[PDB]
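Structure, as structure tokens:
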Amino acid sequence: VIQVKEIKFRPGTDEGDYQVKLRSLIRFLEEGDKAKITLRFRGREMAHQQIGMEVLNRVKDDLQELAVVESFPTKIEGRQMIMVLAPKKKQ
């Protein structure tokens with residue numbers, strides 16, 4: 001079956017650091033797992049308007065090829081926000 005593995009994208013994870021581990025996150029998805037992004041804000045229940053949805057959204061948008069995301073969640077639970085990412089579903 002499809003497993004849950006995970007990646008994180010903290011703030012201060014931009015292109016450099018970031019898309020290196022977008023490569024890591026391909027890898028997760030491409031094993032045939034459902035790769036769960038966890039944001040972990042320096043922040044709160046509304047940390048950001050920046051932190052999350054640059055990253056997350058560009059992770060989707062770059063990975064969009066292979067993966068898509070289940071939801072663009074933008075409901076933070078705690079000081080951290082799960083964007084859930086899956087294999088792109090065959091219709």
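Residues are named by chain letter and number: chains run A, B, ... in the order of the structure tokens, numbers start at 1 in each chain, and ligands are numbered from 1 in the order shown.
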Show me, as a PyMOL selection string, the residues that have an atom within 12 Å of residue 59 of chain A when counting only C-alpha atoms, minus same-chain residues fewer than 5 positions from it.
chain A and resi 7-9+13-15+18-26+35-39+52-54+64-69+72+83-85
Segment 49-51 of chain A environment, 10 Å, only C-alpha atoms, sequence neighbours closer than 3 positions dropped, as a PyMOL selection string
chain A and resi 9-13+39-43+46+54-56+74
State, in Å with one decimal place, the distance from atom CA of residue 44 of chain A to atom CA of residue 75 of chain A.
11.3 Å
Test item, strand (DSSP E or B) assignment across segment 24-73 of chain A, answer as JSON, numbers by chain
{"A": [33, 34, 35, 36, 37, 38, 39, 67, 68, 69]}
Go ahead and save the picked residues with N, CA and C atoms, as a CSV table (one decimal), in the first residue's frame.
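What follows is the written file out.csv:
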chain,number,residue,atom,x,y,z
A,33,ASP,N,4.8,6.7,-1.8
A,33,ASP,CA,4.3,6.9,-0.5
A,33,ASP,C,3.6,8.2,-0.7
A,34,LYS,N,2.8,8.5,0.4
A,34,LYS,CA,2.1,9.7,0.5
A,34,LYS,C,3.0,10.4,1.4
A,35,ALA,N,3.5,11.5,0.9
A,35,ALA,CA,4.5,12.3,1.5
A,35,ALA,C,3.9,13.5,2.2
A,36,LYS,N,4.0,13.5,3.5
A,36,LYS,CA,3.3,14.5,4.2
A,36,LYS,C,4.2,15.6,4.5
A,37,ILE,N,3.9,16.9,4.1
A,37,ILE,CA,4.7,18.0,4.4
A,37,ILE,C,4.3,18.5,5.7
A,38,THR,N,5.2,18.8,6.6
A,38,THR,CA,4.9,19.4,7.9
A,38,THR,C,5.6,20.7,7.9
A,39,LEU,N,4.9,21.8,8.0
A,39,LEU,CA,5.5,23.1,8.3
A,39,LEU,C,5.7,23.1,9.8
A,67,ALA,N,4.0,14.6,-8.1
A,67,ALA,CA,3.1,14.6,-6.9
A,67,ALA,C,2.0,15.6,-7.1
A,68,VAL,N,0.8,15.3,-6.7
A,68,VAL,CA,0.1,16.4,-6.0
A,68,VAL,C,-0.4,16.2,-4.7
A,69,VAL,N,-0.7,17.3,-4.1
A,69,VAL,CA,-1.1,17.6,-2.8
A,69,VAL,C,-2.6,17.3,-2.7
Return the single residue from A:16, A:6, A:47, A:63 that is closest to residue 82 of chain A, with distances computed using only C-alpha atoms.
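The shortest atom-to-atom distance to residue 82 of chain A comes from A:6.
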One number please: atom CA of residue 1 of chain A to atom CA of residue 80 of chain A, in Å, one decimal.
27.3 Å
Measuring between only C-alpha atoms, which one of A:57, A:45, A:91, A:28 shows the shortest distance to residue 78 of chain A?
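The shortest atom-to-atom distance to residue 78 of chain A comes from A:45.
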